[PDB]
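Colleague:
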Amino acid sequence: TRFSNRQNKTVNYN
Amino acid sequence: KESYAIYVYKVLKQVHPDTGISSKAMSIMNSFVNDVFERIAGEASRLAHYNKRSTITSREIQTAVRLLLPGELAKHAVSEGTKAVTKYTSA
Amino acid sequence: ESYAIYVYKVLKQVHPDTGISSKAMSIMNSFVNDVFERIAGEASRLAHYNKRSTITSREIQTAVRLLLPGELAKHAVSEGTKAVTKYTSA
Amino acid sequence: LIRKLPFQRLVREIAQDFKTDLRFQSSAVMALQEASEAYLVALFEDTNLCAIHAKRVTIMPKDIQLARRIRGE
Amino acid sequence: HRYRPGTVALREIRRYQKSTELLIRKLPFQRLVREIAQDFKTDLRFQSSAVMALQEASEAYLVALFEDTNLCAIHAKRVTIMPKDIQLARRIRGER
Amino acid sequence: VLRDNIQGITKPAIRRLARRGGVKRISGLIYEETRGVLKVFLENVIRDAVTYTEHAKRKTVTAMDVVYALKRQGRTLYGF
Amino acid sequence: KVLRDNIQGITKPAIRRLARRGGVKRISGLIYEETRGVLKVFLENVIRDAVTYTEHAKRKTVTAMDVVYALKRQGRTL
Amino acid sequence: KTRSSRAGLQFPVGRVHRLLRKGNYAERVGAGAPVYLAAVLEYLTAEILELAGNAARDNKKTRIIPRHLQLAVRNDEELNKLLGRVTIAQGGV
Amino acid sequence: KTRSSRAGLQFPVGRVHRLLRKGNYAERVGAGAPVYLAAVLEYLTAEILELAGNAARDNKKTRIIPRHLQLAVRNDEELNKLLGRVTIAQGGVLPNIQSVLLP
DNA sequence: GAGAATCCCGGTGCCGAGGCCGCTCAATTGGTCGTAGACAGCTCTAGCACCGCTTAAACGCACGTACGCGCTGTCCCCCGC
DNA sequence: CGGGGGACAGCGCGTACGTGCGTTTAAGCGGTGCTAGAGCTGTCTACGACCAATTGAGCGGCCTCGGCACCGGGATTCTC
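Structural data, given as structure tokens:
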């Protein structure tokens, strides 16, 4: 709901 | 005592309410919040002194953040600040 | 405004034969302002940490020990002590 | 990774050199461990970069001296 | 005759260390900065002294990088400077 | 063309600088590499200087603005 | 009981573990004594300022907050 | 309504407005400045927390922990390069 | 008489005090602070000026010039540590060579 | 051994440095008012030292191999004119 | 453009580093026990801030003289 403006690289942290 | 953890909880629930947070991480957020605050404020102050100004305004912080902050984060944050102060002032 | 007059005073005290290029004096003028800012910054930080309203000799005295390397610091600090004591008596 | 008891005994030794009488919060010791580990690991990554640039698998003390000069100094 | 390679280099190194002038050509630098600044604003009527300060800053920064990378090259035990030594230098300096 | 001016900082000028750097022997690659490094560095500093300049809302950039830009980059230059 | 811990406390296996964390493949047997020295210097640098912070508080005890002040400015420069 | 809720912001504008005085940063402060400050503070923390939430979620943990923060911080080059001198206690490499 | 001469110092104590208040570094200043500062400043300036004078005399100039200042600071390890991030226009570099480069 | 480069010596120009004078602003002096800091006391807790016990880690030695170092030969490039 | 030197690759050899194994050692954790100083509170006095007046020094401008730099010639020193 606190949306994020930047468009950024998707990450997998698993 | 004078701490943001409740505000961290607010935005945490606002951003990822499926995630808890360790008190350690919460403290790191508090340390982080204080660090960025003193960074932007100290800059804006010294800019105001450089401009011979006894007052700090939206422009000073809007300039300082554009100085401190990476280019995307800057214009995104700047837009967020201008939107917010627009809502505040229009209210 | 400038320190050049005082720069000349100290210069003639230490090397009365010599002169200086105004370029070099401008270098000194920038340098003294730099060190003055740096020391004042540390004084502010110390005062803020200790919730003090004021800067005293104690604050600058300790801060110098943080800026300077220890031998230069020892000279600076003892000279400052002598200066402030002479001001206190005179 | 590094052992709190030896580490803190070293820390107290060095403090004893400056003050000659101290007390320490355990949180201070923890913080010093975290700082020292992070600093050392970073310096290791640098010195490894140096060693591979010299086409060695072993790091050498020369690589430490060089890395410390170039980054630190 | 021809002086053997490096003796010229050594004596010019000694000259340039002992001398103190700006080594980069003046107008080329003035133009270069004029262009790259223009990406950020339509027109800046630069104070020339500001250009001079930029010239000094750039010279100092480059020469520092050059001596660092030369230290890298000698650690390699080459004497030819290679771009990889620059990349390493910037990496270790944390500039990359 | 001023882009070509980044090439227009000539090979022998770079050589002169390298001699002040004390370096003995240099490969042909280094010139473009250093041109890139310089471009990045200078672009950053001027970006900061112009940010000051526009905050003062005047068309003139000053040396003082450059000094502040370097200072916030984290490096200091005297004589101004 | 003749040995003294301050050097010895930092010891080959722990250094090896730090190197492995640092991704190092292999190490000369000489390295450890360099790193101990460097560590001493690094430690020496920070703790001196923490002492002086503690002096300005006139307290006998050194807190993590004093450490944070010394470590903050010194870490950013280094 | 409160200044924060007037701005829609989730941070203590009154505190920071006070802090701007309390830190001597200037003897005067203009009403938008603490508001504008609060807006960017909220934005900044949201960006990092979003990444850290993914890190916890990816690690199958509800708890955000220094590891998850550190992993997030180092994965964005901008945050990482912004935070290049910040060190995370108990944040592994 | 002037506070500087009451202390016995050349640097302008009144200037220092004004600059401290202008810089608002704290709400208040104790009267000893500006004199102690002026003292340490004067000491530092004398100390560096000795080395610059020495360099100028070795160049057998009477006028000190920026080169002499650079050579002074880069000779003193203490000043150099104090000034490691500081750069001097027209200062050049301290002449030095890695012996392995020599023939 | 010879040639090229570097240094020293002398003269002249050009400007900057140093000094003088007068004016204006800052610094100094004195008094008043309040608050911040200093001083003292009390209570709480965290820090320090040592023992008890388990277990894991560290140390020392031997065995093996792999990596580093040095040598040699060829080729390209960069340096010098 | 030409020539020479450095760079690169490949090969051999020896030593050092890594791994395994066993035994020793100290860390890690918990508990014992106490005292110091940490922190907080209250009170009082000194010190600085503020205001006003006066005086002297510093700043700015101008002038004069000396120092430094540049140019030319000859001798010394290094290099092939």
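So the protein lines, in turn, are chains X, F, Y, H, C, P, A, G and L.
So the numbering used here is basically just the index in the first sequence, starting at one, shifted up by 1238.
So the numbering used here is basically just the index in the second sequence, starting at one, shifted up by 1187.
So the numbering used here is basically just the index in the third sequence, starting at one, shifted up by 114.
So the numbering used here is basically just the index in the fourth sequence, starting at one, shifted up by 15.
So the numbering used here is basically just the index in the fifth sequence, starting at one, shifted up by 128.
So the numbering used here is basically just the index in the sixth sequence, starting at one, shifted up by 812.
So the numbering used here is basically just the index in the seventh sequence, starting at one, shifted up by 2.
So the numbering used here is basically just the index in the eighth sequence, starting at one, shifted up by 56.
So the numbering used here is basically just the index in the ninth sequence, starting at one, shifted up by 480.
Idealized CB from N, CA, C, for every residue including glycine.
(1) How about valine 191 of chain C: is its C-beta nearer than 9 Å to some C-beta of chain L?
(2) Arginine 123 of chain G by DSSP, collapsed to three states: which one?
(3) Is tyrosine 843 of chain P close to chain Y, meaning its C-beta is less than 9 Å from at least one C-beta of that chain?
(4) Take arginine 847 of chain P and list the residues in its own chain whose beta-carbon comes closer than 6 Å to its own, dropping the five residues that flank it on each side.
(5) If we call anything under 9 Å between Cβ atoms a contact, is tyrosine 523 of chain L one with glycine 194 of chain Y?
(6) From what residue to what residue does the alpha helix (DSSP H) around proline 583 of chain L run?
(7) Going straight from the alpha carbon of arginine 837 of chain P to that of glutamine 145 of chain C, what length do you get?
(8) Classify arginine 486 of chain L as helix, strand or coil using the three-state DSSP reduction.
(9) Give the range of the alpha helix (DSSP H) segment to which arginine 75 of chain A is assigned.
(10) Considering only the beta carbon of each residue, do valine 857 of chain P and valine 878 of chain P sit closer than 9 Å?
(11) For a cutoff of 9 Å on Cβ pairs, would you count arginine 884 of chain P as touching chain F?
(12) Report yes if the C-beta distance between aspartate 171 of chain C and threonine 197 of chain C is below 9 Å; otherwise report no.
(13) Take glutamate 844 of chain P as the anchor and find which of P/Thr822, P/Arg870, P/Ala875 and P/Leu889 has the nearest alpha-carbon.
(14) With DSSP as the reference, please indicate the residues paired to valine 121 of chain Y in a beta bridge.
(15) Taking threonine 888 of chain P as the query, report the chain Y residues whose CB atoms sit under 8 Å from its CB, ordered along the chain.
(16) Given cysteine 200 of chain C, which residues of its chain have a CB within under 6 Å of its CB, disregarding the five upstream and five downstream residues?
(17) Can you give me the start and stop residues for the alpha helix (DSSP H) that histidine 73 of chain G sits inside?
(18) Against chain A, does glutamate 115 of chain Y count as a neighbour if the rule is that its beta carbon must be under 9 Å from one of theirs?
(19) At the level of alpha carbons, what is the spacing between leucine 47 of chain H and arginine 486 of chain L?
(20) For the segment 865–880 of chain P, which residues have a beta carbon sitting closer than 9 Å to at least one beta carbon of chain F?
(21) Any idea which residues DSSP pairs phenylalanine 39 of chain H with across the strands?
(22) Does the separation of the CB atoms of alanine 506 of chain L and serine 158 of chain Y fall below 9 Å?
(23) Measure the alpha-carbon distance for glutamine 885 of chain P versus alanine 518 of chain L and round it to whole angstroms.
(24) What are the boundary residues of the alpha helix (DSSP H) that includes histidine 58 of chain A?
(25) What distance in whole Å lies between the Cβ atoms of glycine 86 of chain G and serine 1209 of chain F, which are believed to be in contact at a cut-off of 8 Å?
(26) Return no unless some Cβ of chain L is closer than 9 Å to the Cβ of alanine 197 of chain Y.
(27) Would you call the segment 1192–1212 of chain F and the segment 107–119 of chain G touching, i.e. three or more CB-CB distances under 8 Å?
(28) Count the other CB atoms, across all protein chains shown, that sit within 10 Å of the CB of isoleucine 33 of chain A; report buried if there are 16 or more and exposed otherwise.
(29) Would you call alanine 1278 of chain F buried or exposed, if buried means 16 or more other Cβ atoms sit within 10 Å of its Cβ?
(30) Give a yes or no on whether the C-beta atoms belonging to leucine 549 of chain L and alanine 526 of chain L are separated by under 9 Å.
(31) In whole angstroms, what separates the C-alpha of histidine 129 of chain C from that of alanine 137 of chain C?
(32) How would you call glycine 25 of chain A, buried or exposed, if buried means at least 16 neighbouring beta carbons within 10 angstroms?
(33) If you draw a straight line from the C-alpha of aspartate 131 of chain Y to the C-alpha of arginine 537 of chain L, how long is it?
(34) DSSP state of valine 813 of chain P, grouped into three classes?
(35) Drop a sphere of 10 angstroms on the beta-carbon of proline 68 of chain G, count the other beta-carbons inside from all chains shown, and report buried for 16 or more, exposed for fewer.
Modeller: Put simply:
(1) Here residue 191 of chain C corresponds to residue number 63 of the fifth sequence, with the count starting at 1. Judged by the 9 Å Cβ criterion, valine 191 of chain C is in contact with chain L.
(2) Counting from 1 along the eighth sequence, the entry for residue 123 of chain G is found at position 67. In this structure, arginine 123 of chain G counts as helix in the three-state DSSP scheme.
(3) Residue mapping note: residue 843 of chain P aligns to position 31 of the sixth sequence, counting from 1. Not one chain Y Cβ lies under 9 Å of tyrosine 843 of chain P.
(4) Within the sixth sequence, the letter at position 35 stands for residue 847 of chain P. So the qualifying residues of the chain are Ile818.
(5) Numbered from its first residue, the ninth sequence carries residue 523 of chain L at position 43. Numbered from its first residue, the third sequence carries residue 194 of chain Y at position 80. Yes; because the gap between Cβ atoms is below 9 Å, this pair is in contact.
(6) Locating residue 583 of chain L in the ninth sequence gives position 103, where the first residue counts as 1. Per DSSP, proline 583 of chain L belongs to no alpha helix (DSSP H) and is neither H nor E.
(7) Residue numbering aside, residue 837 of chain P sits at position 25 when the sixth sequence is read from its first letter. Residue numbering aside, residue 145 of chain C sits at position 17 when the fifth sequence is read from its first letter. The straight-line gap separating the alpha-carbon atoms of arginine 837 of chain P and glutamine 145 of chain C is approximately 16 Å.
(8) For the purposes of this step, residue 486 of chain L is taken as the residue at position 6 of the ninth sequence. Three-state result, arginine 486 of chain L: helix.
(9) If you number the seventh sequence from 1, residue 75 of chain A lands on position 73. Where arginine 75 of chain A is concerned, the enclosing alpha helix (DSSP H) stretches over 66–79.
(10) Walking along the sixth sequence from the start, residue 857 of chain P turns up at place 45. Walking along the sixth sequence from the start, residue 878 of chain P turns up at place 66. Taking 9 Å as the Cβ cut-off, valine 857 of chain P and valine 878 of chain P qualify as a contacting pair.
(11) For the purposes of this step, residue 884 of chain P is taken as residue 72 along the sixth sequence, with counting starting at 1. Closer than 9 Å to the CB of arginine 884 of chain P there is at least one CB belonging to chain F.
(12) For this step, residue 171 of chain C is matched to residue 43 along the fifth sequence. For this step, residue 197 of chain C is matched to residue 69 along the fifth sequence. Between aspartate 171 of chain C and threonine 197 of chain C, the C-beta gap is not smaller than 9 Å, which leaves the two residues out of contact.
(13) What you label residue 844 of chain P is simply residue 32 of the sixth sequence in a count that begins at 1. It is P/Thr822 whose Cα lies nearest to the Cα of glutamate 844 of chain P.
(14) For the purposes of this step, residue 121 of chain Y is taken as the residue at position 7 of the third sequence. Looking at the DSSP assignment, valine 121 of chain Y forms no beta bridge with any residue, so it has no partner.
(15) Start at 1 with the first residue of the sixth sequence, and residue 888 of chain P comes out as number 76. Per Cβ cutoff of 8 Å: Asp148.
(16) Reading the fifth sequence from its first residue, position 72 is the one you call residue 200 of chain C. Apart from the 5 residues on each side of it in sequence, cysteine 200 of chain C sits with its Cβ closer than 6 Å to the Cβ of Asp213, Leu216 and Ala217 in its chain, given in chain order.
(17) The residue you call residue 73 of chain G lines up with position 17 of the eighth sequence. Looking at the DSSP string, the run of the alpha helix (DSSP H) that includes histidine 73 of chain G is 69–78.
(18) As a first step, residue 115 of chain Y is located in the third sequence; it is residue number 1 there, counting from the start. Closer than 9 Å: no.
(19) Taking the fourth sequence and counting its residues from 1, the one referred to as residue 47 of chain H is at position 32. Taking the ninth sequence and counting its residues from 1, the one referred to as residue 486 of chain L is at position 6. Their Cα atoms are separated by approximately 47 Å.
(20) Close to chain F, meaning a Cβ-Cβ distance shorter than 9 Å, are the following residues of the segment 865–880 of chain P: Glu866, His867, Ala868, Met876 and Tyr880.
(21) Numbered from 1 along the fourth sequence, position 24 holds the residue referred to as residue 39 of chain H. Paired residues: A/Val64.
(22) Translated into the one-based positions of the ninth sequence, residue 506 of chain L becomes position 26. Translated into the one-based positions of the third sequence, residue 158 of chain Y becomes position 44. By the CB criterion at 9 Å, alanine 506 of chain L and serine 158 of chain Y fall inside the cutoff.
(23) Here residue 885 of chain P corresponds to residue number 73 of the sixth sequence, with the count starting at 1. Here residue 518 of chain L corresponds to residue number 38 of the ninth sequence, with the count starting at 1. Whole-angstrom Cα-Cα distance: 29 Å.
(24) Reading the seventh sequence from its first residue, position 56 is the one you call residue 58 of chain A. 33–58 is the span of the alpha helix (DSSP H), which, as asked, contains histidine 58 of chain A.
(25) Working through the second sequence from its first residue, we reach residue 1209 of chain F at position 22. Working through the eighth sequence from its first residue, we reach residue 86 of chain G at position 30. Your pair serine 1209 of chain F and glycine 86 of chain G does not check out as a contact, with CB atoms roughly 38 Å apart and the cut at 8 Å.
(26) Counted from its first residue, the third sequence places residue 197 of chain Y at position 83. Yes, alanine 197 of chain Y lies at the interface with chain L (some Cβ there is under 9 Å from its Cβ).
(27) Yes, the segment 1192–1212 of chain F is in contact with the segment 107–119 of chain G.
(28) If you number the seventh sequence from 1, residue 33 of chain A lands on position 31. Within a 10 Å sphere around the beta-carbon of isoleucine 33 of chain A sit 16 or more other beta-carbons, which makes this residue buried.
(29) Mapped onto the second sequence, residue 1278 of chain F falls at position 91. Around the beta carbon of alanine 1278 of chain F, fewer than 16 other beta carbons lie within 10 angstroms, which makes this residue exposed.
(30) For the purposes of this step, residue 549 of chain L is taken as residue 69 along the ninth sequence, with counting starting at 1. For the purposes of this step, residue 526 of chain L is taken as residue 46 along the ninth sequence, with counting starting at 1. 9 Å or more divides the Cβ of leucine 549 of chain L from the Cβ of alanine 526 of chain L.
(31) Mapped onto the fifth sequence, residue 129 of chain C falls at position 1. Mapped onto the fifth sequence, residue 137 of chain C falls at position 9. Across the structure, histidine 129 of chain C and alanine 137 of chain C are spaced so that their CA atoms are roughly 16 Å apart.
(32) Residue numbering aside, residue 25 of chain A sits at position 23 when the seventh sequence is read from its first letter. If you draw a 10 Å sphere on the C-beta of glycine 25 of chain A, you find fewer than 16 other C-beta atoms in it, and that means exposed.
(33) Position 17 of the third sequence, counted from the first residue, corresponds to residue 131 of chain Y. Position 57 of the ninth sequence, counted from the first residue, corresponds to residue 537 of chain L. Their Cα atoms are separated by approximately 10 Å.
(34) Working through the sixth sequence from its first residue, we reach residue 813 of chain P at position 1. Look at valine 813 of chain P here: in three-state DSSP terms it is coil, with no helix or strand label.
(35) Here residue 68 of chain G corresponds to residue number 12 of the eighth sequence, with the count starting at 1. So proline 68 of chain G ends up on the buried side.
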